[PDB]
Amino acid sequence: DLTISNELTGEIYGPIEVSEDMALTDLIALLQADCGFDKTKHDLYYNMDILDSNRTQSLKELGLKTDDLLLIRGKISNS
């Protein structure tokens with residue numbers, strides 16, 4: 001049950017079942033798909049801070065889990 005929040009639109013995306021053997025990318029996939037994630041103008045926050053292109057370290061590498069979360073930030077006024 002991972003919590004995504006659309007920090008721009010104010011939506012709250014629901015208990016996503018994350019398996020550590022998922023692809024953080026496939027997660028970002030749903031994130032872009034449903035959450036409206038757009039790395040190309042967003043900032044996604046993990047825990048308290050933005051990810052990076054260097055942060056190619058997966059769910060299991062990030063430290064994602066039973067109480068994890070992404071946030072969708074960035075854009076025009078925020079980034």
# chains A, B, ... in the order shown; residues from 1 in each chain; ligands from 1
>>> residues_around(residues="segment 53-70 of chain A", least_positions_apart="4", cutoff="7 Å", atoms="only C-alpha atoms", output="CSV table (one decimal) with N, CA and C atoms, in the first residue's frame")
chain,number,residue,atom,x,y,z
A,1,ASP,N,0.8,-1.2,0.0
A,1,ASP,CA,0.0,0.0,0.0
A,1,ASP,C,0.9,1.2,0.0
A,2,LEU,N,1.2,1.7,-1.2
A,2,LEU,CA,2.0,2.8,-1.4
A,2,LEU,C,1.1,4.0,-1.7
A,3,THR,N,1.5,5.2,-1.3
A,3,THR,CA,0.6,6.3,-1.4
A,3,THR,C,1.1,7.3,-2.4
A,4,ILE,N,0.4,7.5,-3.5
A,4,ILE,CA,0.8,8.6,-4.4
A,4,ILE,C,-0.1,9.8,-4.2
A,5,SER,N,0.5,10.9,-4.3
A,5,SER,CA,-0.3,12.1,-4.2
A,5,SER,C,0.0,13.1,-5.3
A,18,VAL,N,2.7,-2.7,-3.7
A,18,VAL,CA,4.1,-2.8,-4.2
A,18,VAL,C,4.8,-4.0,-3.7
A,20,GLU,N,8.6,-5.7,-3.9
A,20,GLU,CA,9.9,-5.2,-4.0
A,20,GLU,C,10.6,-5.6,-5.3
A,23,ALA,N,9.2,-3.2,-10.9
A,23,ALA,CA,10.1,-2.3,-11.4
A,23,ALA,C,9.6,-0.9,-10.9
A,24,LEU,N,10.5,-0.1,-10.3
A,24,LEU,CA,10.2,1.2,-9.9
A,24,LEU,C,9.7,2.0,-11.1
A,44,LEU,N,8.8,14.4,-8.6
A,44,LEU,CA,8.2,13.4,-7.8
A,44,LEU,C,9.0,13.4,-6.5
A,45,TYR,N,8.3,13.3,-5.4
A,45,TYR,CA,8.9,13.3,-4.1
A,45,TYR,C,8.7,11.9,-3.5
A,46,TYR,N,9.7,11.5,-3.0
A,46,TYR,CA,9.9,10.3,-2.4
A,46,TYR,C,10.2,10.6,-0.9
A,47,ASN,N,9.3,10.2,0.0
A,47,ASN,CA,9.5,10.4,1.4
A,47,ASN,C,9.4,11.9,1.7
>>> select_by_dssp(residues="chain A", states="strand (DSSP E or B)", output="list in words")
residues 2, 3, 4, 5, 6, 12, 13, 14, 15, 16, 43, 44, 45, 46, 49, 50, 69, 70, 71, 72 and 73 of chain A
>>> write_last_selection(atoms="N, CA and C atoms", output="short mmCIF file (atom, residue, chain, number, x, y, z; two decimals), in the first residue's frame")
data_model
loop_
_atom_site.label_atom_id
_atom_site.label_comp_id
_atom_site.auth_asym_id
_atom_site.auth_seq_id
_atom_site.Cartn_x
_atom_site.Cartn_y
_atom_site.Cartn_z
N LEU A 2 1.17 1.69 -1.20
CA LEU A 2 2.00 2.83 -1.45
C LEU A 2 1.10 4.02 -1.75
N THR A 3 1.47 5.21 -1.29
CA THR A 3 0.57 6.34 -1.39
C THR A 3 1.08 7.33 -2.39
N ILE A 4 0.40 7.52 -3.48
CA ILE A 4 0.80 8.59 -4.35
C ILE A 4 -0.10 9.77 -4.17
N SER A 5 0.47 10.94 -4.27
CA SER A 5 -0.31 12.13 -4.16
C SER A 5 0.05 13.06 -5.28
N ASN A 6 -0.96 13.56 -5.90
CA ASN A 6 -0.78 14.50 -6.98
C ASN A 6 -0.65 15.86 -6.37
N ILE A 12 -5.27 12.10 -4.49
CA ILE A 12 -4.70 11.12 -3.61
C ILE A 12 -4.96 9.74 -4.18
N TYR A 13 -3.89 9.12 -4.57
CA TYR A 13 -3.94 7.83 -5.22
C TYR A 13 -3.73 6.74 -4.20
N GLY A 14 -4.43 5.65 -4.41
CA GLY A 14 -4.78 4.77 -3.33
C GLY A 14 -3.84 3.63 -3.17
N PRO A 15 -4.17 2.72 -2.24
CA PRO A 15 -3.27 1.66 -1.80
C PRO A 15 -2.78 0.81 -2.94
N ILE A 16 -1.62 1.15 -3.38
CA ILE A 16 -0.97 0.39 -4.40
C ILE A 16 -0.13 -0.69 -3.78
N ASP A 43 8.26 17.07 -10.42
CA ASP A 43 9.15 16.51 -9.50
C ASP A 43 8.38 15.54 -8.69
N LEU A 44 8.84 14.35 -8.61
CA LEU A 44 8.25 13.41 -7.83
C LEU A 44 8.99 13.36 -6.50
N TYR A 45 8.26 13.34 -5.40
CA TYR A 45 8.87 13.28 -4.10
C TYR A 45 8.66 11.95 -3.50
N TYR A 46 9.74 11.50 -3.04
CA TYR A 46 9.87 10.29 -2.36
C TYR A 46 10.24 10.57 -0.92
N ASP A 49 11.69 14.00 -0.34
CA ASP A 49 12.48 14.66 -1.40
C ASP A 49 12.33 14.04 -2.77
N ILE A 50 12.63 14.88 -3.75
CA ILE A 50 12.65 14.52 -5.14
C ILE A 50 13.58 13.39 -5.44
N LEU A 69 5.32 6.02 -0.60
CA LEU A 69 4.59 7.10 -1.23
C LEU A 69 5.38 7.72 -2.37
N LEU A 70 4.68 8.17 -3.40
CA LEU A 70 5.24 9.16 -4.31
C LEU A 70 4.41 10.42 -4.27
N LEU A 71 5.07 11.49 -4.56
CA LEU A 71 4.35 12.77 -4.77
C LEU A 71 4.66 13.47 -6.06
N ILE A 72 3.64 13.99 -6.64
CA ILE A 72 3.79 14.67 -7.94
C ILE A 72 3.82 16.15 -7.85
N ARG A 73 4.99 16.66 -8.08
CA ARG A 73 5.22 18.07 -7.98
C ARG A 73 5.75 18.60 -9.28
#
>>> closest_residue(among="A:22, A:51, A:76, A:35", to="residue 9 of chain A", atoms="only C-alpha atoms")
A:35
>>> select_by_dssp(residues="chain A", states="helix (DSSP H, G or I)", output="ChimeraX atom specification")
/A:24-35,39-41,59-62
>>> write_last_selection(atoms="C-alpha atoms", output="PDB file, in the first residue's frame")
ATOM      1  CA  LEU A  24      10.179   1.192  -9.886  1.00  0.00           C
ATOM      2  CA  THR A  25       9.808   2.147 -13.498  1.00  0.00           C
ATOM      3  CA  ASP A  26       6.582   0.155 -13.889  1.00  0.00           C
ATOM      4  CA  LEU A  27       5.552   2.043 -10.807  1.00  0.00           C
ATOM      5  CA  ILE A  28       6.393   5.347 -12.473  1.00  0.00           C
ATOM      6  CA  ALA A  29       4.466   3.854 -15.395  1.00  0.00           C
ATOM      7  CA  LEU A  30       1.233   3.754 -13.365  1.00  0.00           C
ATOM      8  CA  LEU A  31       2.313   6.953 -11.842  1.00  0.00           C
ATOM      9  CA  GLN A  32       2.351   8.653 -15.231  1.00  0.00           C
ATOM     10  CA  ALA A  33      -0.611   6.663 -16.434  1.00  0.00           C
ATOM     11  CA  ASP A  34      -3.013   7.249 -13.533  1.00  0.00           C
ATOM     12  CA  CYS A  35      -1.323   9.799 -11.273  1.00  0.00           C
ATOM     13  CA  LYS A  39       9.033  13.523 -15.116  1.00  0.00           C
ATOM     14  CA  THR A  40       9.653  15.969 -17.931  1.00  0.00           C
ATOM     15  CA  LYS A  41       7.887  18.527 -15.903  1.00  0.00           C
ATOM     16  CA  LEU A  59      11.497   0.139  -5.163  1.00  0.00           C
ATOM     17  CA  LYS A  60      13.658  -2.214  -3.172  1.00  0.00           C
ATOM     18  CA  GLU A  61      16.666   0.071  -3.518  1.00  0.00           C
ATOM     19  CA  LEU A  62      14.831   3.321  -2.719  1.00  0.00           C
TER      20      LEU A  62
END
>>> residues_around(residues="residue 42 of chain A", least_positions_apart="4", cutoff="8 Å", atoms="only C-alpha atoms", output="PyMOL selection string")
chain A and resi 37-38+72-75+79
